[PDB]
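Visitor: Take this structure, written in structure tokens, and hold onto it; I'll ask about it next.
There are 4 protein chains.
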Amino acid sequence: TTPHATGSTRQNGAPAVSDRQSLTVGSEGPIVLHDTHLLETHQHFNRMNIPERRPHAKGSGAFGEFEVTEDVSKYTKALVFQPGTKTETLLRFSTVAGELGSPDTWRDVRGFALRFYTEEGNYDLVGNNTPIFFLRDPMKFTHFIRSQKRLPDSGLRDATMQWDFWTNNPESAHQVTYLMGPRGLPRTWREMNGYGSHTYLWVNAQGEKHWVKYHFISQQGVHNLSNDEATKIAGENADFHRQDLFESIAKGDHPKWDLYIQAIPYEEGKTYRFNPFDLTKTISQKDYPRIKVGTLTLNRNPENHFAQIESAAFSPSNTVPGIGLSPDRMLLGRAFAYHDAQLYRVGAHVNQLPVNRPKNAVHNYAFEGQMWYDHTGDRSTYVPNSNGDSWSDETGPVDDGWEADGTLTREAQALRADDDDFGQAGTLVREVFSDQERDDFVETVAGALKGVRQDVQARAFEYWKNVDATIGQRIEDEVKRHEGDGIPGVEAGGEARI
Amino acid sequence: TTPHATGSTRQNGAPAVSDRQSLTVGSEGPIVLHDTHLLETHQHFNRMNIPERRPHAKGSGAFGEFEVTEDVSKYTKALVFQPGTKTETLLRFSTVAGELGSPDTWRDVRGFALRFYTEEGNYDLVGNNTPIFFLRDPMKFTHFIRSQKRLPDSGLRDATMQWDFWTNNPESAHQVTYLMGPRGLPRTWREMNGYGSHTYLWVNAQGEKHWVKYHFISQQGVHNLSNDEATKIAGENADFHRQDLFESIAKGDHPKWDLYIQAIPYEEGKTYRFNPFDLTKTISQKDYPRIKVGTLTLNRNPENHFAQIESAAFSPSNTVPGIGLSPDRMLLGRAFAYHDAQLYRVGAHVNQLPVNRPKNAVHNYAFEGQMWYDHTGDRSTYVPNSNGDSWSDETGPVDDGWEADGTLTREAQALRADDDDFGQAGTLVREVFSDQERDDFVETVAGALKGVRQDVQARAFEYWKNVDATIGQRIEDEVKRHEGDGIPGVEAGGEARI
Amino acid sequence: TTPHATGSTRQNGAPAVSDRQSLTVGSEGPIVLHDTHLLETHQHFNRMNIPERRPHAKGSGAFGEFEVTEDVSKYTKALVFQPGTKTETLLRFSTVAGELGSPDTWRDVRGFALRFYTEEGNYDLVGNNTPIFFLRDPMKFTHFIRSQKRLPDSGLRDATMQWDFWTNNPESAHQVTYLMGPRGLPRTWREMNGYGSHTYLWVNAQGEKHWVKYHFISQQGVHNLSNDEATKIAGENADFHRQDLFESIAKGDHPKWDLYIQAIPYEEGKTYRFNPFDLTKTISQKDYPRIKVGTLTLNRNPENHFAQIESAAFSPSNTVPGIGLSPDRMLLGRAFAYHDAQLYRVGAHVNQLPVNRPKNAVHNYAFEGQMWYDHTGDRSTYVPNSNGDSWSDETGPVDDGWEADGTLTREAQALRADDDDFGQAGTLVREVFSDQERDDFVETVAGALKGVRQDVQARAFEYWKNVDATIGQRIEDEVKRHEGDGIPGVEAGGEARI
Amino acid sequence: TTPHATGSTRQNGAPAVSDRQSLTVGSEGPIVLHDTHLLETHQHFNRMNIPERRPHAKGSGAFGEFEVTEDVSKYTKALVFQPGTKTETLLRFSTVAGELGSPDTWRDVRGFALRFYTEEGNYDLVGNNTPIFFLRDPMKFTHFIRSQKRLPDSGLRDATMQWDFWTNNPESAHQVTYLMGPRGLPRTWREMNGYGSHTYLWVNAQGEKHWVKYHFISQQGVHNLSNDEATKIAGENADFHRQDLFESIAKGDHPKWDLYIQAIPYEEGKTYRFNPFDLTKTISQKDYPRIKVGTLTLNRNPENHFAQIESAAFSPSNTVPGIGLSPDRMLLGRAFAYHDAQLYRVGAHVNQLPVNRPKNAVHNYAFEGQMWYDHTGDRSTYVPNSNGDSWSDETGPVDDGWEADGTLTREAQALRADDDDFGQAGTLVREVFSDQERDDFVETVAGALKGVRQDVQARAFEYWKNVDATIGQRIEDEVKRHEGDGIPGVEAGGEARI
Ligand code: HEM
Ligand SMILES: [O]
Ligand SMILES: [O]
Ligand SMILES: [O]
Ligand SMILES: [O]
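Following this line, the structure appears as structure tokens:
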């Protein structure tokens, strides 16, 4: 390269001389303080780690493309979803509870975080492999996630703490049922479905509004593992899912999902018999059928896992024109929480990293800070200005809002006609599951209750009978026999647990 | 508590009102920006994680006591090792390569980081479950650890990268042999030995010097698992070792280790036939026998894992009077590197956290910074001063140094009479291992080479024949038969690996 | 101290040996990497600085006591304001625009940040030396502060940018008038008044509500400097105010302020002819007279400026029972913004530093993070729990809220009968100022406009005529004569400005 | 721009809608939590500040070009200094003690930090406007800088602390003399000289070594201000120097400096009668005359002060082939300290910001970390490797080293024949200063001693008599008369100082 090159450089671009021996006073002497190559390489190594995501620490992903193949222009003006549009994507899959090195095949919810690099900005649909969640208000979220993680003294996960939380927060029943059924253990990420979970607002060119749910249906089908199979794989290959996805794309096999929405007319959101703003509820497909939008294909692996996946920063706040949030309190908390976490996790200029930059021109009133890579030159730092540096100043009602009225309060959402904590769970167990799925469910739930502190077990029996009397008695019988599956990722009991 | 109490507070000590519902405009309305309890709890949750240790992310520990029961005052003036002395301790055990959530029973070196809370400061003996290491100069360390972690694109561990490094750095043979033998898989932390590895300097009251090795011999014996057993446990219980230690102490069973040293007279350090400043070498016990010092007992579990173990910050630089470092280049790099990592990992006042504070009075010229909990009031910020605020000013040769002479260089340490890369490895395989250990070793090493890229396998066969011709041919035969154990924690081959 | 002591320690508590010479290979040789005392002291020094506050970087303060001497129990249940109560306080004074080293006597608003260490938590009244502000919605705040700071290319403050902002945001007129009058330059912090500015909610024991303004009237009177005097002092003594306060307390001279409130009945807040939720408005004392509460006395200097003042973290969100926020949008933004800034500026455990800790027992659902000094042991990390670890769960309307109704919008607050941008400014200039104050005001404002870009000057003449036709013509005449005072802290014109 | 554009974007590139009003529930209602544009802009604003440099917080600079016009190839192989070479530069000027907002015209040393963007990396000559410094060992540096900053309780600078340090560290006399003479107050940065201060190693193509000093002589001459003039300007224009430089370049007036070196033959470094490795010493130009190299011209202002100047990160460790460090202990400490400070101040990827990137290809073994903008793709993370990813492995003595021999010690450098603390100071006062400069010096030093605590004043009189008996008696006489200049930036005495 240069006349004095040595095969590598220091950080300033000068030849490094050696990547293999330190600078010493003679062969036998001490290292000197001015071994700058030693200092720079150690100091960098010491700063390679960044805080893991909380939650969803363990994951990986791939790039691809979304292709619109239907006409949903009547429901939305969003450029990404206009007829024929092809958009570059990035999808990160994850578990929830486990940390950075934790086995992929623990029983858990999976994340399904999808970015669309649109002509009007980055559009993030940060979903999960379930249409619902455990909770309906974000004040409970911190407590739920901590219940799912480790005991403060011993540092062990503990099914007693999990069940103490779940039983004391019966809104959790719908999603815990789903978690304990077949789908708590996907065989691969390619073989699970993806959902937005929340209701979102779609707005058309004329300003008319619909409430929407998103459903990504795998073209590879839904395939799951048993508890015993997942536990075996956890030991043999802690990165089974990560490996599977990367190898599949490497071999040219491009996993696909079809996107469908449900669309509720604006005024019907207030009157529907289940609350669409309640994240523990599904919306009947009889009442609001799925409408096809198009197809997602993953076709390109990362070249750098840390820069393109670990550093990726997805947010529900990354909406685009034609798509808004909704009165779902959980979604409203998420609009604050992700960007906040990322400022700490990654840094103040997280959105200037390549994977997080939009394709379109950014013109944003934010300046300075640590690691300001793409500065604004002499552009105006204030508005209005007499300098030819533009700004935004639309007044009046926004196109992606709604109405509200009341006193400031902290209380449960009002029940719709058919809202409760246990009904939809009960449908799932009685009507959706097969006989064999029911059998397996009883083995799972009894297994998850083994060794749990008796007072909490008794509350869990009442909880499962409220879902369904027959399943609940079956679970209780099996737990009183000291039977049931080992659950990958967690256990109860013993002198280091509750 | 207070007249207006509600059961919990915000950060300012005021009643929090609700830990369970957010502040909304009516039951059905949006959350308001001024839900300060929601913001404070989310913002804290978002900042709970700190970067994991690199390396040694996965670990746990316990408090105890060291009791001196012999007289080694002739070799050292250190208060902690004077006859009869009892000192409070903290011991953190760990693996090396795996991240925060990784299974405890992966094949790996274990850490054995021991702090003594002495009357003359915190004395840290930051050791491992092996007397040696893979390398003899710290410029190689960053490269070794990265070889032990994940592929940059796919994020998978890869035995090809591990073996490419090891074969290209034959100084690694002694420790890789130890790693691939019985002791790469302890059954429990209670059932492994601990070692300082490095030579350290001991200095007596009269100033006379000895070079010392530390050996902690478990009173519970050395007990190991097979590859197959460890892989099974990795799936069933990723925190097997953590759990075992906590439960054992909880039950009143106090694990013990006896400390012995070897003591080389100062002048003999320069002449000994193996280089004691070379971390890939053991010192013959025939030449320098073990001398008993005393007994370590662990007897108290943490009450808070994160504050007392995760935040603990051990450093080889934490010497005390009577104990010094040595010309071992690896130890000299460690004296810089740990404190540096901790400033980033934990913060600038890491040593003001309770677990890291000394028992004795600190009088240190450092001030301000983020999170300055224990400030110095109006004390002098400079020296000398006319203010009655003391400082240190000893001139001349230090009591814990040595001599050096030469030109500034980057080169291998000079060989002693019997120094090489393969000899001591060869002794271990031929003379220390039993027949059955040899058999198992061949299954381990062949297993670890399965699927490794052929060019690297061929180099590995030469490497193992250099250790011992018979073991090397046995390994090569078994690898060419496509046989050998699955190794917990790693594999090779396939479209997502080298 | 210890047998081997040397006069100071390293961070681990061991003797440091020397604070005055580095560890070298002979007298003439290089410093060795393992000079750990050198590394620790440099690495700490390198991390002493933390980001300065934005805004209000330049300031200082003192501790004292608040004594209630009247009965305002009818308006509030807050313990701190109940008859007879004596409460420890801390008060930090500041400028706004200038950075850490900037002269105290620049023309500017002053901060008046008062903490009360109450029995029901820390109560922060974070005010200023003015009853109003420049703006009525916090989206404008970032832009205003940047207009008040430096040009992006040259790094100079610039009166053109200041006036471009002010003229394009005519809501600023009331406060700019106050800024350009006598009170923009206090002689000392002891000789200025303090105000809450915002309307706050007070709530009595029976739940009845009043809207309140706070007024701290100096017992030392209101004394100001001329522009020329302040500029002279800026050169001679950049820390004039800091010095004055510390010396005055050191000499035993305890500066005092009397607290008065105005109290508007709840329902009258909606109907009053000026909007009390509009921070650019004062409330007539004829309509709502001042009601005495008690007396503030400062009587104790800090022993450590950095730990007790620089690290202090005040927030309007630090309310206590009996005191709430209000529909003032500016206050509502501040409830989020201060705690957020402090997490970055100081750290995640900012509220565990001594100066920021409450006197009463904290029971808060937040755990872990960097620098966790006061950990929660084995306490429950979730709610509800079966572990005896309490939490809060009040449901329904809060005691310190109010009502709202409408669609989501971005628009100006609705005008009350007498709301406008220029009226109250006009009263101040015409009716409150003396003849001599008017004269000085014209010299100040003309001075501040000297060298400002002509197009912006013309807008400023219209702006000042809208305040008052006579003052505006006088200013314009003087600016067209190229006359007026030099303003401490800023200028316009030239090749490095707009 | 886009169909739905509004004049600005959020961080994701989507239209922001309004930079001027917040999202509220009706005109009169509260702001909602999901005003993401409000949150993003406030959260960014709150993170714009980064820690100021310690020391040298206050400064500015400009870009330019260096042109070699002589032949010094016989002394160095460095590409930047080969005949005819033209190289892009960046120069930052600064004071030392004052913080970010402090007046430019305080009495102080000035920094002269020059980067050359060479074909073999960034070459940083981080100098000052003086050929010497206050100290000769870096363990004293932290203490000196803190002595120059603020009292721990009151936060005031204090000449008593300054003089207590200086008198107790008489090595300081040479540089304090220079500081208190004419050159402590440059009129402009354009009108001062620049120096490397330290001895550096130059190495030619054949490996032959010389010790070198760098001297940048202003073509605008050396022009200074009186104390009274500088104090006046401090009040009137705190950014006088910053403004001057920017306006001068804006007007097309390109300030220039001629570079000269002194060159000492390698073996003569050990024998010279003054120690060239002692930073408190100058080298006689009679013994080693100046040799011209070329000319520095500044010709381009920054477009963004924060990105190009505030974030610039200069280090003496940024040497290039042909230029090395030296046995000067102060320089050896600086090789560690700057890069360390920058990791905290700016971040782990400070050297990836544009202003800090080299022009040539970087091939450096460092990966991951926060804000990794320019990732290494799938390149090898270790060495040696079988992957075609190069590394460095030169063995033996380095081309830019030297010899050493001795025991590890902490002691003063050995004196050369003519080394002492006061001699060179004495020459400066007696022989270099004019009569009128001597007069002014007496007024400066007496002024700086006014109000200083008597015990420290008495030590200062002995100190100045040791420099020169006549100057010392003159200073003492004037101080006992209570006379002398006000010093811009500092004073003594009173109840808030020592
Ligand atoms: C929406 C408008 C405002 C916002 C977003 C805002 C934001 C901030 C921020 C972020 C800080 C730095 C906090 C820290 O780092 O500790 C601060 C400081 C300060 N603010 Fe504001 N501010 C606003 C308006 C005001 C008003 C109207 C007042 C007076 C009523 C005020 C008084 C102060 C004071 C006195 C400080 C210094 C606190 C101290 O001494 O530590 N601010 N502000
Ligand atoms: O999540
Ligand atoms: O390590
Ligand atoms: O502020
Ligand atoms: O410096």
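These protein sequence lines are chains S, R, L and B, in that order.
Numbers 6 to 503, taken from PDB author numbering, label the letters of the first sequence in order.
Numbers 6 to 503, taken from PDB author numbering, label the letters of the second sequence in order.
Numbers 6 to 503, taken from PDB author numbering, label the letters of the third sequence in order.
Numbers 6 to 503, taken from PDB author numbering, label the letters of the fourth sequence in order.
Heads up, the beta-carbon is just placed ideally off N, CA and C, and yes, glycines get one too.
#1: Can a CB atom of chain L be found closer than 8 Å to the CB of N232 of chain B?
#2: Kindly list the residues whose CB is nearer than 7 Å to the CB of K261 of chain S, restricted to its own chain and excluding five residues on each side of it in sequence; keep chain order.
#3: Take the Cβ of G327 of chain S as the centre, count every other Cβ of all protein chains shown within 10 Å, and call the residue buried at 16 or more, exposed below.
#4: By the DSSP assignment, the beta strand (DSSP E) with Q429 of chain S in it spans what residues?
#5: Tell me whether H203 of chain S, by its Cβ, gets closer than 7 Å to a heavy atom of ligand 2.
#6: Which residues does DSSP list as the beta-bridge partners of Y205 of chain L?
#7: Does the beta-carbon of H487 of chain R have 16 or more other beta-carbons within 10 angstroms, so that it is buried, or is it exposed?
#8: Measure from the C-beta of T41 of chain R to each C-beta in chain L and report whether the shortest distance is under 8 Å.
#9: So which residues of chain R does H148 of chain B contact, with C-beta pairs closer than 8 Å?
#10: Could you give the DSSP three-state label for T300 of chain B: helix, strand or coil?
#11: Is the beta carbon of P389 of chain B sitting closer than 8 Å to the one on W396 of chain B?
#12: Looking at chain L, which residues of the segment 399-417 of chain S have a Cβ within less than 8 Å of any of its Cβ atoms?
#13: Starting from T381 of chain S, find everything on chain L with Cβ-Cβ shorter than 9 Å and list it in chain order.
#14: Using a Cβ-based criterion (distance less than 7 Å to any ligand heavy atom), does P60 of chain L qualify as near ligand 4?
#15: For my contact list, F319 of chain R and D129 of chain R are in at a C-beta cut-off of 8 Å; report their separation, rounded to the angstrom.
#16: By DSSP, does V131 of chain L sit in helix, in strand, or in coil?
#17: Could you spell out where the alpha helix (DSSP H) holding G477 of chain L opens and where it closes?
#18: Is the beta carbon of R15 of chain R closer than 8 Å to that of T41 of chain R?
#19: Just checking: is the beta-carbon of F170 of chain L within a distance shorter than 8 Å of some beta-carbon in chain S?
#20: Say the cut is 7 Å; is the CB of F117 of chain L nearer than that to a heavy atom of ligand 1?
#21: Out of curiosity, what's the CA-to-CA distance linking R295 of chain S and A430 of chain S?
#22: Considering just the uninterrupted stretch of the beta strand (DSSP E) at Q267 of chain B, what are its terminal residues?
#23: I want to see whether chain R comes within less than 8 Å of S322 of chain L, judged by CB atoms only; does it?
#24: Could you tell me the alpha carbon to alpha carbon distance between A453 of chain L and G132 of chain B, rounded to whole angstroms?
#25: Return helix, strand or coil for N361 of chain B, following the three-state DSSP convention.
#26: What residues from chain R crowd round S152 of chain B, counting only those whose CB sits closer than 8 Å?
Guide: Reading off the structure:
#1: Start at 1 with the first residue of the fourth sequence, and residue 232 of chain B comes out as number 227. By this cut-off, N232 of chain B is not an interface position.
#2: Position 256 of the first sequence, counted from the start, is the residue given in the question as residue 261 of chain S. So the list reads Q224, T300, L301, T302, once near-sequence residues are dropped.
#3: If you number the first sequence from 1, residue 327 of chain S lands on position 322. It counts as buried.
#4: On the first sequence, position 424 is the one that residue 429 of chain S refers to. Note, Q429 of chain S: premise wrong, no beta strand (DSSP E); alpha helix (DSSP H) at 428-432.
#5: Working through the first sequence from its first residue, we reach residue 203 of chain S at position 198. Relative to ligand 2, the beta carbon of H203 of chain S is positioned no closer than 7 Å to any heavy atom.
#6: Within the third sequence, numbered from 1, the residue matching residue 205 of chain L stands at position 200. BP columns for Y205 of chain L point to L:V217.
#7: The residue given as residue 487 of chain R occupies position 482 in the second sequence. Label assigned to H487 of chain R: exposed.
#8: Residue 41 of chain R sits at position 36 when you count from the first residue of the second sequence. Yes - at least one Cβ of chain L is within 8 Å of the one on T41 of chain R.
#9: By one-based count along the fourth sequence, residue 148 of chain B stands at place 143. What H148 of chain B touches in chain R: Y370, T386, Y387, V388.
#10: Within the fourth sequence, numbered from 1, the residue matching residue 300 of chain B stands at position 295. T300 of chain B carries a strand assignment under DSSP once its states are collapsed to helix, strand and coil.
#11: Mapped onto the fourth sequence, residue 389 of chain B falls at position 384. Mapped onto the fourth sequence, residue 396 of chain B falls at position 391. Between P389 of chain B and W396 of chain B, the C-beta gap is smaller than 8 Å, which places the two residues in contact.
#12: Cβ contacts with chain L come from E399, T400, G401, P402, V403, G406, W407, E408, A409, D410, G411, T412, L413, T414, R415, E416, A417.
#13: Taking the first residue of the first sequence as position 1, residue 381 of chain S is located at position 376. Simply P157.
#14: Looking up residue 60 of chain L in the third sequence gives position 55. At least one heavy atom of ligand 4 lies closer than 7 Å to the C-beta of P60 of chain L.
#15: Translated into the one-based positions of the second sequence, residue 319 of chain R becomes position 314. Translated into the one-based positions of the second sequence, residue 129 of chain R becomes position 124. That belief holds up - the Cβ atoms of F319 of chain R and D129 of chain R are roughly 5 Å apart, short of 8 Å.
#16: The residue labelled residue 131 of chain L in the question sits at position 126 within the third sequence. DSSP places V131 of chain L in strand when its eight states are reduced to three.
#17: As a position in the third sequence, residue 477 of chain L is number 472, starting the count at 1. Per DSSP, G477 of chain L belongs to the alpha helix (DSSP H) from 474-485.
#18: Position 36 of the second sequence, counting from 1, holds the residue named residue 41 of chain R. Position 10 of the second sequence, counting from 1, holds the residue named residue 15 of chain R. Yes, the Cβ-Cβ distance between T41 of chain R and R15 of chain R is below 8 Å.
#19: For the purposes of this step, residue 170 of chain L is taken as the residue at position 165 of the third sequence. Taking Cβ atoms only, chain S reaches closer than 8 Å to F170 of chain L, which makes this a yes.
#20: In the third sequence, residue 117 of chain L corresponds to position 112, counting from 1. Answer for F117 of chain L: yes, Cβ within range of ligand 1.
#21: Taking the first residue of the first sequence as position 1, residue 295 of chain S is located at position 290. Taking the first residue of the first sequence as position 1, residue 430 of chain S is located at position 425. Taking the straight line joining both Cα atoms gives about 21 Å.
#22: As a first step, residue 267 of chain B is located in the fourth sequence; it is residue number 262 there, counting from the start. First-last of the beta strand (DSSP E) with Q267 of chain B: 261-270.
#23: The residue labelled residue 322 of chain L in the question sits at position 317 within the third sequence. Chain R has a Cβ within less than 8 Å of the Cβ of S322 of chain L.
#24: On the third sequence, residue 453 of chain L is found 448 positions in, with the first residue counted as 1. On the fourth sequence, residue 132 of chain B is found 127 positions in, with the first residue counted as 1. If you take the alpha carbons of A453 of chain L and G132 of chain B, they lie about 39 Å apart.
#25: The residue given as residue 361 of chain B occupies position 356 in the fourth sequence. Here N361 of chain B sits in helix by DSSP.
#26: As a first step, residue 152 of chain B is located in the fourth sequence; it is residue number 147 there, counting from the start. Result: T386, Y387.
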